[PDB]
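[1] piece number one of the complex, untouched:
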Amino acid sequence: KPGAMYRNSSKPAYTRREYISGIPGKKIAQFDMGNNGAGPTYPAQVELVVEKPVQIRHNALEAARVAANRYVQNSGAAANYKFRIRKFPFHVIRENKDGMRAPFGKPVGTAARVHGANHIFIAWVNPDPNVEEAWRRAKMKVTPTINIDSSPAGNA
Amino acid sequence: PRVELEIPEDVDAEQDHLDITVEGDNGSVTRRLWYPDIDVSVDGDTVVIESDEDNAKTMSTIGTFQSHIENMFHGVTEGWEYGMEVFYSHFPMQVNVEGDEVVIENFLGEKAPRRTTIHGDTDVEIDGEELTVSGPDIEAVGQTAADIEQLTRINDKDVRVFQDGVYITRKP
Amino acid sequence: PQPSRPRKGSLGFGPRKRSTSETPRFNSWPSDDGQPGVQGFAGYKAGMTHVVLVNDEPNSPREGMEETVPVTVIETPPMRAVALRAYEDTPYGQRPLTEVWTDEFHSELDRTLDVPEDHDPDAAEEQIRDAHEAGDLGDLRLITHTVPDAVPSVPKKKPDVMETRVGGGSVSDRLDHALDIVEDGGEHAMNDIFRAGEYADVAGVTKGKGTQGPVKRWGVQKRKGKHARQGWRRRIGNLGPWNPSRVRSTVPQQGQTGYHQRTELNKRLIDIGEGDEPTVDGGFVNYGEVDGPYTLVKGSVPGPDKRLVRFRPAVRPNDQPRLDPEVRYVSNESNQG
Amino acid sequence: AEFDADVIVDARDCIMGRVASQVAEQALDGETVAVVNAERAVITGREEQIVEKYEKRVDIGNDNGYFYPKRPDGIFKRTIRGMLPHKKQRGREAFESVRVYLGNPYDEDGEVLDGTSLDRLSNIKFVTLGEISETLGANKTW
Amino acid sequence: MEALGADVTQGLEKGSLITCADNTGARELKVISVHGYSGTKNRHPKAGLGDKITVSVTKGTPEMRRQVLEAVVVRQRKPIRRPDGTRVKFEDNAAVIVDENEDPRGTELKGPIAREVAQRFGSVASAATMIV
């Protein structure tokens, strides 16, 4: 199904699992990447900031995450970097798949609501920003236009 | 912005609306330098290119106008000359100047001669496997040269294996 | 998925109405190249016969062999070039400037136009030459007329008049050539313009066929099989789609078919002569006997017998001229049979 | 011919639309206007885009017909008609008391209307009515 | 193809049954296609004296029957016109089976053959007994 069907916050928050059942698992493999054994004690901290409020399905969350991290293997399988996708897909989404009769939909997926300006991804690295390219690929697979933002780096 | 081109001593420059004419011993050339808000004039023994505008687009043309005029000075004095060679592998290619156009016969074995008309007072002198294109107007000369190389253009087959043709060997 | 198919008939010969002038009016002339000279002539159609010719195509396998060729016999007696009309170039194309006439007119030209009794051939010629000096002179054409009295097979005596452009070298030499031709009395012959073996465009008003339906007039199909028996034998399927709600002029409809002007490109002139060598035994059906100045045009020529046809040096020939073909035989066998 | 014009305008190097606007304005004021040198009037912009527009107008049509002029004569007089209520008596009158010419058939040199002139030294992206006509296929009578 | 040297009014169509003027074991041939032909809507693809056609064997030895083969039209009933105007027509419609290289497949040809066919398939003509 197209992102067109769910990218907008056009429905009330539907996340209570005590009342919703049969929610598909998440396609997002991990939320912590890189040397997650270590702390965010790095020199440079870049982040991908979404420019529009939107709902991002776990479908796109996993494609963007892979697209970025997989590429961040320009540093090495066990390289010296950190990477965190900080949002979780809490919104349960449905699809009415009798025409418009009794059309409440059936759970078909989950998405993460992200407001304009929130950062969806954050990386921590040493002056080794192959990450800015990692996000160019990441922002390439999520609905909104985004802006890559270096948070702590005067090391031009 | 304004630029001033000191004109060579054997040369003479004259304006006429938007047209400029440069005359030296090697002949003369007349061009047209028409762009918005760019005045080109002959003050005494210097050519001036000026404009009140300074935007990227205006500055671009000013620089182009300059080279065009310095090229004209050079054309009417030392003249312009491009060198060429005819390289064939199997079929003996015959290159000749007949009238006001160069004719290439038996190219790659063809029965029909290929030909290109020469541009302006450009003279094409052929001597053996070498050709030399020369004249005061670089535009007219440059084209003629290129025109000859383009005349042996080949799209159908693999160029790496079929290289017969007249190529430009020397650029001024 | 309905197979493709070209449309029925050409949209380039319309509207398909009756011709305005039974006499053809060329709408183009040859290029100015050779010496000056009238660019056209005219005659009356008599009929057809065939001829045996020695193939003369240098690229033909049959070069030098007998070859039968259909031919249309055109009676082409001498015409009269009675005036020299000049055109001037103006902001609205060309316009007739003035004319130069003669004194000697055919005894029966008074059946068509009002023959001049008081004219000034110099006042006119002067105006023309002044114009040429100013550089406002568009081409020069000769008012031309036939002498159907020289043709017994044609009932009419009333001449057919038509303008024919003069082309040639320089406008000056040309204007002088034109003026000489007129001054004389005007008389000139097919010989003067054409040579056998050259290509000429023939114009003429085709045979008239009154009103005819879509099938014959546009070449549309006749209803087929069962469709041909339910009440519609030769009526097109539909006048058009629902929308646009109107009948386009492009859908084949009944009407005037025939009696239109047609200019037939590149017709080979097989032979120019005079006498009765090409006549047919019993006479050309619905015409009469030929015995005078005539022309043999290869192939067909628009119009029925007796209709005035016009000649013009081919304007877009495809072959080079092979002058004076060798005519080994000219059928004189009766056409009745 | 003979057009006793009260005003003779010189369209040479003038914005066609801007000239047409004033000429209509005057014809409606009772003035008899003669526009001269139409072939030399101009219209600003990209020649390629401008020509596409005038070529499209030539292609449009059907049985009812959409006759569109190709010579500077008509392109201009049509332009003026678009600024007049020609289907009305008052508007047809004005329009009819207006004629456009190729070159100048008069002895007087026409006048140049204010604001309508284009300065060739400051502009390069513009086209001549004559150039449109030639591209549209018209027989260069001028 | 090389010019015939005569004008031809196709006397056959897709579906026509004709004689097999040779000794290949095929007695009757059915025209299926005309090499190099493209007709127009609703028109039955036609064939005539001189054309190369694809054919299926209708009558003949079991071994030849049903085989789809190429052939050349050698004779036809509808008249043809020769350079000198004379018309020429035959008693029947016939075709000689021919191979990939246009050589007759059979050893002998039966009946006359138009001289015109020689200007294309010479090997066929040079196996003819009578050439008219």
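    Structure received. Residues are numbered from 1 along each chain as shown, chains lettered A, B, ... in the order given.
[2] and the residue of chain E at minimum distance from chain C, how many neighbours does it have?
    Residue of chain E nearest chain C, by CB to the nearest CB: residue E:85 (3.7 Å). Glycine gets a C-beta too; all of them are placed from N, C-alpha and C. Neighbourhood size, residue E:85 [other CB atoms under 10 Å in any protein chain shown]: 13.
[3] help me confirm that it is found in a helix?
    No - using DSSP: H, G, I helix; E, B strand; the rest coil, the assignment for residue E:85 is coil, not a helix.
[4] ok, it to residue C:72 distance?
    To residue C:72, residue E:85 is 16 Å away according to CB to CB, to the nearest Å.
[5] what's the most far-flung residue of chain D relative to its centre in contact with, if anything?
    Distance from the C-alpha centroid of chain D peaks at residue D:63, with 26.6 Å (CA atoms, centre = their mean). For residue D:63, the contact set (CB atoms under 8 Å, 6 or more residues apart in numbering or on different chains) comprises C:246, C:248, C:249.
[6] kindly report the same for residue C:112.
    Contacts of residue C:112 by CB under 8 Å, 6+ apart are C:145, C:158, C:159, C:160, C:161.
[7] also put RNA strand F in, sequence below:
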RNA sequence: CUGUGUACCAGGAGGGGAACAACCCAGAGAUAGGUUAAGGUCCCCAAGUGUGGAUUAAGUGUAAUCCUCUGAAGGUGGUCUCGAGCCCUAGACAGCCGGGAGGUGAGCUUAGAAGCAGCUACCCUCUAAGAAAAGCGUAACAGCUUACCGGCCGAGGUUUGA
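    Alright, RNA strand F goes in next:
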């Protein structure tokens, strides 16, 4: 499709919006003069071809609202404006000319590998420079280069943010 609050259409003229139930002005006795509203002032068509200034070259645009007026993700040395860091008349940036040198063909490896297959180390002379060689190139060499230095030239250049 189905709620809710409200004003409107329905049952609301007249002015505007090309036309146009509910968008804008406006709520309206007749008649008259005047001044405005919305919306307009190049012509069609009443009023500006108004003023100071900037941007745009695509006819972008000349389209408030909208079933009705599209234009997106992704890209842009198109162009205008603003800012930050750094280099620069002790001569920058680019171009052109010249120099690019010895130990040494480093050692190991290997038949061989000599800047450049691999591994390891990556040193010192001359000097204004010149890598235990960044990129081609050879079977390997060679050869072209380039880092680096000097000259000619002479004014801004370069990097990044909005």
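[8] ok RNA strand F is in now, so what about the neighbour count of residue E:85?
    For residue E:85, using other CB under 10 Å, the count is 13.
[9] any idea which residue of chain B lies closest to chain D?
    residue B:36 (5.2 Å).
[10] quick one: the helices in the chain, in order.
    Going with chain A. Using DSSP state H, the helices of chain A run over residues A:58-71, A:131-138.
[11] try again with chain C
    All helices of chain C, identified by DSSP H, fall at C:121-134, C:171-184, C:190-193, C:214-218.
[12] which bits of chain D sit near chain B?
    D:121, D:122, D:123, D:124 (CB under 8 Å from any CB of the partner chain).
[13] follow-up on the earlier one: could you redo the helices of chain A as CSV and give each row mean neighbour count and distance to residue A:124?
    Formatted as CSV, these follow (neighbours: other CB atoms under 10 Å in any protein chain shown; distance: least, CB to CB, whole Å):
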stretch, mean neighbour count, distance to residue A:124
helix A:58-71, 20, 13
helix A:131-138, 21, 9
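[14] would you format those helices as TSV with distance to chain D included?
    Below are the helices of chain A laid out as TSV (distance: least, CB to the nearest CB, whole Å):
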stretch	distance to chain D
helix A:58-71	41
helix A:131-138	36
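[15] what's the closest of those to chain C?
    helix A:58-71 (40.2 Å).
[16] kindly incorporate the sequence below as RNA strand G:
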RNA sequence: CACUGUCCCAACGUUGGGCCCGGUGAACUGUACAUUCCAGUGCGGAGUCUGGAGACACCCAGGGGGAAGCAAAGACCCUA
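    Below is RNA strand G, added to the chains above:
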């Protein structure tokens, strides 16, 4: 299998109409206006509204594109 214009692909001809003239002489249909065309708009399928384009009037013959043509208060479907 045989045969053939069913078809390729249409042609010519025959008789009766059709067309012109004398005489006779209805019906269907009609809110009005009406020379339209391309677009748009509008209850979303306009000769009549908007913007353009085109348009001198009247008459003869024609084949029927449109008048969501004319004909019968849809017989399908739902509702009572």
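[17] give me the beta-bridge partners of the closest residue to residue E:93 other than its chain neighbours?
    Leaving aside its sequence neighbours, residue E:93 sits nearest to residue E:18 (CB to CB, 6 or more residues apart in numbering or on different chains; 4.4 Å). Beta-bridge pairing for residue E:18 (DSSP bridges): residue E:29.
[18] so is residue B:72 in a helix, a strand, or just coil?
    helix.
[19] buried stuff in stretch C:110-126?
    Within stretch C:110-126, the residues that count as buried by 16 or more other CB atoms under 10 Å in any protein chain shown are C:121, C:124, C:125.
[20] do the same with stretch A:41-60
    Buried residues in stretch A:41-60, defined by neighbour count with 16+ other CB under 10 Å: A:42, A:44-50, A:54-60.
[21] and those residues, which of them are in strands?
    A:44, A:45, A:46, A:47, A:48, A:49, A:50, A:54, A:55, A:56, A:57 (DSSP state E).
[22] surely residue C:159 meets residue C:111?
    Yes - Residue C:159 is within contact range of residue C:111, at 6.9 Å (criterion: CB atoms under 8 Å).
[23] what's opposite the residue of chain C at minimum distance from chain E in the beta bridge?
    Ranked by CB to the nearest CB, the top residue of chain C for proximity to chain E is residue C:68, at 3.7 Å. Here residue C:68 sits in beta bridges with residue C:52, as judged by DSSP bridges.
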